[PDB]
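J.: Pasting a structure below so you can have a look.
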DNA sequence: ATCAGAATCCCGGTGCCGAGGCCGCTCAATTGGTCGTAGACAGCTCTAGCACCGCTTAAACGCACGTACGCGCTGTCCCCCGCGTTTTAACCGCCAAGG
DNA sequence: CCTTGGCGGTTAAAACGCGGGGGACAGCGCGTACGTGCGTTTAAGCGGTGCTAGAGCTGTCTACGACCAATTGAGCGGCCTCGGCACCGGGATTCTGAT
Ligand SMILES: [Zn+2]
């Protein structure tokens, strides 16, 4: 039969607050990073541990920025995220002018 | 073979002191080594600023004390100052 | 205890040569200059200790200016620095 | 390219963040901000390796570039 | 004593207007006072500690400059 | 499908021989020379008839 | 060793060496590295003591880094210290806004 | 040219900077080209920002640069604003940020 | 409430692997001895931080009073959750052109 | 007959899909907190004035620190063991919704 929405998401929130393993798996992330660096310097190799470092820092970064964005939306008398929420959080932190 | 550094055995002994029945992972030992690195670096940078805002180039323990209670928050800092001061007394009282 | 006042006057006469300035404007400018100098110099010292090089040449200064300032400013600054290196090296 | 980021990946990012309900334009906005983040990071990382005169970016340089953006990360010898 | 209550509502108004804030709620002022107070607590603690090692019973502008650079809220203008 | 080929050409800059790799993308008519040593890269247009000696020839003329 | 002569656990002279090669001053005093080493010693004692309690919670014997991140994120002054600090295999607080819990 | 400043054709004292490096506890030794290089970078930064200072002060028919001019010229720049993000000027204030929801329509 | 049944927790189990013991080195901590000036300290001098008050006045406080955004409610309409259905990002073994 | 360049495989997170249901958004109506003025009260600000800790500043002597040969064993690179978790099936339990 059909389950009622919202439940499975929070249950897997309780599941995904447990294992600190990396969410984005390796190969596509590596290709994206390689396609990026190339724009700064051609023919550049990467130490795989450095790639794991980039992966870790990126994922924790985005998770924390999500936390602030989520609390913005909770303040915004809503439950669902919006892109304007990300703009608000970034405008508070000061990445963009 | 170039000889590399770690602080693993020292804090390893300290861990064995405070918890005899406790194991540890290797990566976490590296994390603690990086921890000591970071705290040491912030302290030393505050020491260099202590020098240049005091126009002096000698480093004594007094500067280390004022550096620690500049960086660390109060209660933790005062306990650490107590530990360091009692160690200063126990060492310099003897040779 | 020297400030950089007439240096600012000569830069100003080289750019907008009909322009005055207040005292505290000069103070903020020298605050600015000291901050920038300290940030670059400390970053160069990080270059040395992260690279085990017992002194610092101009190449370290170039890469540190890259590390601090973003693109357009960085490229024009590298250009001006190398031009100064050139004219001082020629004589 | 940038489209190697899957939708359930950013969903899992919401989950470890603990976020419940998801809109639409979130995905492309996420990829953009992630891109600019990695742009600044890997730019000054390759700047470090440029000074290194070597053809592989060190993990050390990655760590120090994170320090340069005030994003100090332990764990990997820093 | 009670100079925390020396903070006036029209000053908070003026700060909101240069801050660009249009509409002011009434439950704001003492919260503002508390945040301002904790701010200045950490500031003057660090400045006085810098002067503690200075071995001079008077704190200078330079001291406060150095201390606020330590917080990373770094302000120019007065040299340091 | 792209062609990744090793060659016995000498890099015009680092002078290491047998260290130039040629990537010929015929779907977009873009050929790419790469040095396995010093890490430089040179790009040039290719047709359907081209071979690693065709773009390596274009690289010699692009320098001189 | 001066550390034993200070009755402590961190090597003094290594730190005295690193203070020299750090360009940290021109001259280096006698007992300043002893004081700094003791500071380090009490810091790591407190941190890993809370980590030991964290392992007591999960009934784990070997320390995983998740224990470390949790013990950082629980205590107040430590978390205000390491605010700009993240750790690989870190994770975050198991935390749920109850306004998003269903009714 | 006796002085190195005249030998560089610049406006800053180089041996000043070299002594600053020596009385810095920065490195152990300091070469000959680095202080010249850094001083040239400084001189470029001064001239570059003073350009925006000159235009921003000329915006108000005033010969003298005020701090408000400097803050305006910084915030009207992009690279300098992301440069000076954690930075505050004395007597600065901020930009005119009038939101569109506020004007009487 | 209330039962059926998904979802998760939690208990032996075994396996395997790296943490930790361990052990033989050698290079920096040590130990001891020798110049030296940086600074701990004594002391001189004049500035400036402090306290106080009288006079001026503009700035705050209280209230009178309307009023209009904040908010609780409502209906509504739509578009993400989710579960189902393919389906395509990664690697494994005989062909039929070469040599 | 034997050794290459292509030419096709099972599997597991990944892209459609519908439907709908619950959550986002416009309206509705009030209403009660809050702008605004006006008069009334107040404290701040400014200008002198004493005015003194005490910082600001200057000789000086020392001891602790900079620096140099032995020494040496602790700290470090390599080897080797076992029980600590990683997962797996059992089984039990607890959410969750339809009832
Ligand atoms: Zn090459």
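All Cβ positions, even for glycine, are placed from backbone atoms using ideal geometry, and neighbour counts span all protein chains on display. None of the figures in this text is laboratory data; all of them are computed from the coordinates on show.
J.: I'd like to know if the stretch F:31-38 contains one or more residues that are loosely packed, with under 14 Cβ neighbours inside 10 Å and either within 16 Å of DNA strand I (Cβ to nearest atom) or within 11 Å of chain A (Cβ to nearest Cβ) (or both).
T.: Looking through the stretch F:31-38, at least one residue is loosely packed, with under 14 Cβ neighbours inside 10 Å and either within 16 Å of DNA strand I (Cβ to nearest atom) or within 11 Å of chain A (Cβ to nearest Cβ) (or both).
J.: Being within 21 Å of residue A:16 (Cβ to Cβ), within 16 Å of DNA strand J (Cβ to nearest atom), more than 14 Å from chain D (Cβ to nearest Cβ) and in contact with a strand residue (DSSP E or B) (Cβ under 9 Å, 6 or more places away or on another chain) narrows it down to one of G:54, G:88, so name that one.
T.: Going through G:54, G:88 in turn, the sole match is G:54.
J.: Go over the candidates C:84, C:74 one by one and state the one that is closer than 15 Å to residue H:17 by Cβ and either in a strand (DSSP E or B) or in contact with a helix residue (DSSP H, G or I) (Cβ under 6 Å, 6 or more places away or on another chain) (or both). Even if it seems obvious, please write down each step before you answer.
T.: Values: C:74 fails: closer than 15 Å to residue H:17 by Cβ.
Of C:84, C:74, the one residue that is closer than 15 Å to residue H:17 by Cβ and either in a strand (DSSP E or B) or in contact with a helix residue (DSSP H, G or I) (Cβ under 6 Å, 6 or more places away or on another chain) (or both) is C:84.
J.: Could you list all residues from the stretch B:2-39 that are in contact with a helix residue (DSSP H, G or I) (Cβ under 9 Å, 6 or more places away or on another chain), in a helix (DSSP H, G or I) and more than 7 Å from every other protein chain (Cβ to nearest Cβ)?
T.: If the condition is that a residue be in contact with a helix residue (DSSP H, G or I) (Cβ under 9 Å, 6 or more places away or on another chain), in a helix (DSSP H, G or I) and more than 7 Å from every other protein chain (Cβ to nearest Cβ), then B:8, B:12, B:17, B:26, B:29, B:33 are the ones that fit.
J.: Starting from the stretch D:39-57, keep only residues that are more than 7 Å from every other protein chain (Cβ to nearest Cβ), then list their pairs with residues that are outside any helix (DSSP H, G or I) whose Cβ atoms are within a distance under 6 Å, requiring at least 6 positions of separation or different chains.
T.: Pairs that qualify, where the first residue is more than 7 Å from every other protein chain (Cβ to nearest Cβ) and the partner is outside any helix (DSSP H, G or I), are D:45/D:57; D:49/D:57.
J.: If I go through the stretch A:1-42 residue by residue, how many of them are more than 9 Å from DNA strand J (Cβ to nearest atom), more than 17 Å from the chain's Cα centre (by Cα), part of a loop (DSSP other than H, G, I, E, B) and facing chain D (nearest Cβ under 9 Å)?
T.: 3
J.: Turning to a different aspect of this structure: Quick check on the stretch E:58-80: of everything there that is loosely packed, with under 15 Cβ neighbours inside 10 Å and farther than 23 Å from residue B:73 by Cα, which residue is nearest to the other protein chains (Cβ to nearest Cβ)?
T.: Selected residue: E:79.
J.: Restricting attention to the stretch E:18-29, report how many residues are within 20 Å of residue H:95 (Cα to Cα) and either touching a strand residue (DSSP E or B) at 6+ places or on another chain (Cβ under 6 Å) or within 12 Å of DNA strand I (Cβ to nearest atom) (or both).
T.: Number satisfying all stated conditions: 3.
J.: Moving to a separate point now. When you scan the stretch G:2-14, how many residues do you find that are buried (at least 19 other Cβ atoms within 10 Å of the Cβ) and at the interface with chain B (Cβ under 8 Å from one of its Cβ atoms)? Working first, answer last.
T.: Quick first cut of the stretch G:2-14, residues buried (at least 19 other Cβ atoms within 10 Å of the Cβ) only: G:3, G:6, G:8-10, G:12.
Okay, now just the ones that are also at the interface with chain B (Cβ under 8 Å from one of its Cβ atoms), so G:6, G:8-10.
Number satisfying all stated conditions: 4.
J.: Related question: Check the stretch G:39-47 and report whether any residue there is facing chain B (nearest Cβ under 8 Å), touching a helix residue (DSSP H, G or I) at 6+ places or on another chain (Cβ under 9 Å) and within 12 Å of DNA strand I (Cβ to nearest atom). I'd like the intermediate steps shown before the answer.
T.: Start the filter on the stretch G:39-47 by keeping residues that are facing chain B (nearest Cβ under 8 Å), which leaves G:39-47.
Still in the list and also touching a helix residue (DSSP H, G or I) at 6+ places or on another chain (Cβ under 9 Å): G:39-47.
Add one more test, that the residue is within 12 Å of DNA strand I (Cβ to nearest atom), and what stays is none.
The answer is no, given that none of the residues of the stretch G:39-47 is facing chain B (nearest Cβ under 8 Å), touching a helix residue (DSSP H, G or I) at 6+ places or on another chain (Cβ under 9 Å) and within 12 Å of DNA strand I (Cβ to nearest atom).
J.: Quick one: how many residues across the stretch E:55-73 are touching a helix residue (DSSP H, G or I) at 6+ places or on another chain (Cβ under 6 Å) and part of a loop (DSSP other than H, G, I, E, B)?
T.: Looking only at that region, the number is 1.
J.: Also, I was wondering about something else. Here's a check for you: in the stretch D:13-30, which residue that is surrounded by 17 or more Cβ atoms within 10 Å (Cβ to Cβ) and within 17 Å of the chain's Cα centre (by Cα) is nearest to DNA strand J (Cβ to nearest atom)?
T.: Out of the qualifying residues, it is D:27.
J.: Now a separate question. Collect the residues in the stretch F:3-19 that are closer than 11 Å to residue F:56 by Cβ and near the ligand (Cβ under 7 Å from one of its atoms), keeping them in residue-number order.
T.: Within the stretch F:3-19, just F:11 meets the criteria.
J.: Output the number of residues of the stretch B:49-75 satisfying the condition of being more than 12 Å from DNA strand J (Cβ to nearest atom), under 16 Å from the mean Cα position of the chain (by Cα), facing chain G (nearest Cβ under 9 Å) and surrounded by fewer than 20 Cβ atoms within 10 Å (Cβ to Cβ).
T.: So the answer is 2.
J.: Could you check the stretch G:1-97 for helices (runs of 4 or more DSSP H) lying wholly inside it with 1 or more residues that are touching a residue at least 24 places away in the same chain (Cβ under 8 Å) and closer than 25 Å to residue A:53 by Cα?
T.: G:32-58, G:65-74, G:76-81
J.: Same structure, new question: Across the stretch F:8-20, which residue is nearest to DNA strand I (Cβ to nearest atom) among those that are closer than 13 Å to residue F:42 by Cβ and more than 14 Å from chain D (Cβ to nearest Cβ)?
T.: F:9
J.: To continue, here is another question. So if I check each of G:78, G:68, which one is farther than 20 Å from residue B:9 by Cβ, under 12 Å from the mean Cα position of the chain (by Cα) and away from the ligand (no atom under 16 Å from the Cβ)?
T.: Only one candidate qualifies: G:78.
J.: Among F:44, F:62, which is the only one that is buried (at least 17 other Cβ atoms within 10 Å of the Cβ) and either away from DNA strand I (no atom under 16 Å from the Cβ) or within 14 Å of another protein chain (Cβ to nearest Cβ) (or both)?
T.: On the way: F:62 fails: buried (at least 17 other Cβ atoms within 10 Å of the Cβ).
Of the residues listed, the single one that is buried (at least 17 other Cβ atoms within 10 Å of the Cβ) and either away from DNA strand I (no atom under 16 Å from the Cβ) or within 14 Å of another protein chain (Cβ to nearest Cβ) (or both) is F:44.
J.: Residue by residue through the stretch F:31-48, note down the ones that are more than 15 Å from residue F:5 (Cβ to Cβ) and not in a strand (DSSP E or B).
T.: Correct list: F:37, F:38, F:39, F:40, F:47, F:48.
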